[PDB]
S.K.: 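Once you've had a glance at the structure underneath, I'll fire off some questions.
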Amino acid sequence: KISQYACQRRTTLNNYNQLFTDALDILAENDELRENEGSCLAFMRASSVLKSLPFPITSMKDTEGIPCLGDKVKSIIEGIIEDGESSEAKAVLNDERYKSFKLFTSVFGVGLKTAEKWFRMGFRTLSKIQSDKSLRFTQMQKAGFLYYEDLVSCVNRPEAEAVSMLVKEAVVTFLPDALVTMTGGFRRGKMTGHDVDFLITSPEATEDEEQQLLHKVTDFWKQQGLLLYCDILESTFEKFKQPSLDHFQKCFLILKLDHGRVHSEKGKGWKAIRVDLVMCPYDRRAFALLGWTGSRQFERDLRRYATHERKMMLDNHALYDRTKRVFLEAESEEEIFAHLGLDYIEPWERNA
DNA sequence: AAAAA
Ligand SMILES: [Mg+2]
Ligand code: NA
Ligand SMILES: [Zn+2]
């Protein structure tokens, strides 16, 4: 039996159902841009369960015993089995509002509100937006437009590793005892990503040294001419608050990655790379690692399972047991899964 | 408002 919860499934990168899931992901995206939360959720959960299958669906009979496949989802599966394409997903891909929203939000610093503003202004291309003389851009949008081509190109593993080396060398300079872990998609086995994520923690740092680290590292990169964009969000972390972005100190950067630093098989001798850095208190390292490893659907199901099946409250900071009225401690992800009564799911099995 | 796993 297949669980309705992603945290109770193993979801590896060998997706045998890409024909179905790419269509369901398009339909979910469209419901997200069109403010239909209920419908977005249904397509996401159905796409997620199909991703977990060890075989391709080739008939409607193969969908038997699979949870989260409503009548609307089963009609989409049926249409794809019929001729290999989804008429519903194809109509979304041809929709003018969907196309503009995907295009505009592909720019770093442009979200739903700005994409909507530009669409209602009659803009349809990035060329027309960038060259417009009346529009005013935020500093994040200016960096988004300045480094567009590099940011829209996938970050690959040799590039993520070259960034990891930079992060580690910068962090060790100020905190020699620091632990630096690459998170997100790359930790789950992905060959590519839109960015590179890191979780930094220090067993000995004081509250102040841990506040100062991201400032020290970004200033060190600014001096070297590597910081292309920087936004540091201060911590709002509360040591004793119940579990519910996360509240940890973090920064969203654009780094200058020199081609010479990249050990791969293969113009300007550098590439712009989006880098996220998260600093957390040492005792909460496992919760932040679990939260930042993802995938987003895996994290959503973990929290839902903890609430509805275990009467536990879980987030990126802590795990609280409402019955025992006690916070549960963990030095690893394995201990969090054990506290939750879940079989351990390896990072590369969390691609829900 | 946007950045996010
Ligand atoms: Mg990522
Ligand atoms: Na964007
Ligand atoms: Zn990121």
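Letters A, B, ... are given to chains in the order of the sequence lines, protein chains preceding strands, and every chain is numbered from 1. Side chains are part of it too, since the values below use all heavy atoms of this structure and drop only hydrogens, waters and symmetry mates.
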S.K.: Applying the side chain to side chain donor-acceptor pair (under 3.5 Å) criterion to A:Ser48, which one of A:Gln297, A:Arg9, A:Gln4 satisfies it?
M.R.: A:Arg9
S.K.: When you look at A:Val217 and A:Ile200, which way does the side-chain contact (heavy atoms from CB on, under 4.5 Å) test go after all the steps?
M.R.: CA-CA 12 Å; A:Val217 159; A:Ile200 309 154; over 6 Å; no
S.K.: Base, sugar-phosphate, or nothing: which does A:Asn316 touch, judged by heavy atoms less than 4.0 Å apart?
M.R.: base
S.K.: By the 4.0 Å heavy-atom rule, please label A:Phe108 as base, sugar-phosphate, or nothing.
M.R.: sugar-phosphate
S.K.: Within the structure shown, what part of the strands sits under 4.0 Å from A:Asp246 by heavy-atom distance: base, sugar-phosphate, or nothing?
M.R.: base
S.K.: Grouping I, L, V, M, F, W and Y whenever their side-chain heavy atoms are under 4.5 Å apart, do A:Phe145 and A:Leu151 come out in a common cluster?
M.R.: no
S.K.: What contact category does A:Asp276 fall into here, base, sugar-phosphate, or nothing, at under 4.0 angstrom with non-hydrogen atoms?
M.R.: sugar-phosphate
S.K.: Any side-chain heavy atom of A:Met312 within less than 4.5 Å of one from A:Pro243?
M.R.: no
S.K.: For A:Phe108 and A:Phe252, I'd like to know if the aromatic rings sit close, meaning centre-to-centre distance below 6.0 Å.
M.R.: no
S.K.: We want to know whether A:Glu309 and A:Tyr5 form a side-chain donor-acceptor pair, criterion being a heavy-atom distance below 3.5 angstrom.
M.R.: yes
S.K.: Hey, does A:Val110 reach any base, or is it just sugar-phosphate, or nothing, if we go heavy atoms under 4.0 Å?
M.R.: sugar-phosphate
S.K.: Have a look at A:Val275 and say if it touches a base, only the backbone sugar-phosphate, or nothing, with a 4.0 Å heavy-atom cut-off.
M.R.: nothing
S.K.: Just to be sure I understand the rule, does A:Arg300 reach a base, reach only the sugar-phosphate, or reach nothing, if contact means heavy atoms closer than 4.0 Å?
M.R.: nothing
S.K.: Is a side-chain donor-acceptor pair under 3.5 Å present for A:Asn156 with A:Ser264?
M.R.: no
S.K.: 5' to 3' on DNA chain B, which nucleotides open and close the contacts with chain A (atom under 4.0 Å from a heavy atom)?
M.R.: B:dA1 to B:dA5
S.K.: What contact category does A:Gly291 fall into here, base, sugar-phosphate, or nothing, at under 4.0 angstrom with non-hydrogen atoms?
M.R.: base
S.K.: Going by number, which of residues 133-150 of chain A have a non-hydrogen atom under 4.0 Å from DNA chain B?
M.R.: A:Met140
S.K.: Any heavy-atom pair between the side chains of A:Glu331 and A:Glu335 that's under 4.5 Å?
M.R.: yes
S.K.: For the pair A:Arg285 (side chain) and A:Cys280 (backbone), establish whether a donor and an acceptor sit closer than 3.5 Å, ignoring hydrogens and angles.
M.R.: no
